[PDB]
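Here is the structure we will look at.
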Ligand SMILES: [Zn+2]
Ligand SMILES: [Zn+2]
Ligand SMILES: [Zn+2]
Ligand SMILES: [Zn+2]
Ligand SMILES: [Zn+2]
């Protein structure tokens, strides 16, 4: 039963793992190998069965886990696609709503203009028709008087002449048309675009000044929305980390952590001030270095006209100063993009860029406002939360 | 017939303008006034009738003409309101069309990404399912072999082991959707500014007016200065002779227009508008008082506006030299604006004239000197 020697298979070669006969084991294929008979070789081979079963179970577990992960990824892909579609739809419907609102406002303005113009034209028509009726009556009276007897003519002619002179001196005023219809020019699209930039911003963040953190020389009135520096020399402050001691400034009660936020601060005619954000974990006392490495993103105006951005450098970076110092500053903060942008909000229709931070913000931060020293009275202008 | 003296009325008082009798004129009401007879007074009073009639006719004519004009305006009020509504609708429908197109494009991109990701993940799932099917078949083969006769066991165990080792050693080796952030609105806005412009005005260079040293190819949309010596030009006032430049065949007169010129890697060039009545030959002074509104780039990086002054006004030079310049011209507001059209997504402002332009003007392009060959880059109308 050797298939080559007609001898029954009775010897198992360990290193070849094949049944052979006695001739093959004595001389030939497996004469110098490690050879055993059935029993012990079979035992040694079945000893390896638990290892194979454990490896197979491990491989099956790994493959099933990978399949489950891929199915979870397919589900998350579907959810992500739906979320992206909905988010794009909402963000574009914002601008669509703005454009529809502008069109509606212009349409109601046109309705009012039509009504007023019609009323005014009807008034002028009534006035001129009454005046022309008076003219017609006077002309017919004159024509009838001109064909009267001598005495009646010479008695009524002067009365008729006086009446005619009176009605000719009582001419109706001109009463200019005044067609108050807003005419559109070619720049209408650009103006709408520049206003749409303002409508793109989020709602005005309702902030209130925190007196428990403000400098002792500052005072907060107008329901916590008007902070101003006092002209009194203040004693040194306490050992509180969250209260300013040398730099006269104040942070808001609200801490921003996530999303986008926008807020406007009115400085008016204040010659020296600063606005921005401060890290919540950074100490607020002592001499402060307005650098992002110390948790301070600030834009300042000094000497009444010099506008500086407090970027990470030895000295603040000078910026292109406008004709007049901006009277209202808008601040936009985006955590998802880590951007703090300062805009000139003096024009209610258009916001113009001042400076923007593009550095990765750790967060969360506090809105901080540095109302500087009153400087013997010429810096008593307050800071107002719009 | 005095009604007070029974004497007929025959004396007219000039300062009282009333007929009286002789008694009234001799003693009483009108004894010291200026008095005339009755018939002469009637003649003198009827002399004044034509003046009164003419004044009445003039006043009536004036008032009736004003009434007719006001009636026409009353009729036309509705037309004026309709015109304003339609103009506003068109100006806003521009942005509405842009937003609809952008939303459709984003939706198609998202659908394509979703389809590709689903196909790839299903392919990987099918591959792993086939691998697990192979594992199951091998496991069942092993379980069936483990209960075989002793000879069959000793002759198939090692083949099964080798196959299992092979299939275990040959295991298979194994987010790209753009999510929108808060700056998505601002990016859409900055892209919308470009679509706010009207259609690209199809202009073609005029060879009959260009300098003889220039050559116009690509169906009249690519003008370039050749490095070959050209013959002198003719004595035509509308053809450039010293300043190597070219104007377009089309003259803009009314409305708003926008056109883009590709300069590419050209170091020195100029673009703008020229008055149709200003002479084009000889040394030219690029000043608005002479019908020339030009923006130039020299030395590869210096950007200058040719405003009315002794020297051109230097402008903030960008990081890189602009590769495409867009020109917008509006007659209703008299504005010529130059924008950097290098980025197809966003246009950045360069300079804009806000002076009232008389018009009409020609789009003029100054492709500067060849400069011994290093200025042979062409100018292409996009
Ligand atoms: Zn044998
Ligand atoms: Zn052997
Ligand atoms: Zn608005
Ligand atoms: Zn009398
Ligand atoms: Zn008298």
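Some notes on this structure:
- Any hit, region B:45-67, residues being more than 16 Å from ligand 5 (Cβ to nearest atom) and more than 26 Å from residue A:131 (Cα to Cα): yes
- Here the condition is being over 30 Å from residue A:200 (Cβ atoms), in contact with a helix residue (DSSP H, G or I) (Cβ under 8 Å, 6 or more places away or on another chain) and facing another protein chain (nearest Cβ under 7 Å); of A:35, A:92, A:56, it holds for A:56 alone.
- Residues satisfying the stated conditions in region A:358-386, i.e. surrounded by 19 or more Cβ atoms within 10 Å (Cβ to Cβ) and touching a helix residue (DSSP H, G or I) at 6+ places or on another chain (Cβ under 7 Å): none
- Qualifying residue in region A:30-38 (condition: under 30 Å from residue B:136 (Cβ atoms), within 16 Å of ligand 1 (Cβ to nearest atom) and outside any helix (DSSP H, G or I)): no
- Whichever residue in region B:4-32 is at positive phi and more than 8 Å from ligand 4 (Cβ to nearest atom) and, among such residues, is nearest to the other protein chains (Cβ to nearest Cβ): B:17
- Filtered by the rule that a residue be in a loop (DSSP other than H, G, I, E, B) and touching a strand residue (DSSP E or B) at 6+ places or on another chain (Cβ under 6 Å), region B:277-325 gives B:286, B:291, B:306, B:307, B:312, B:315, B:317, B:322.
Here, each number is a calculation from the coordinates, and none is a lab measurement. Here the Cβ is made from the backbone with ideal geometry for all residues, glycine too, and neighbour counts use every protein chain on show.
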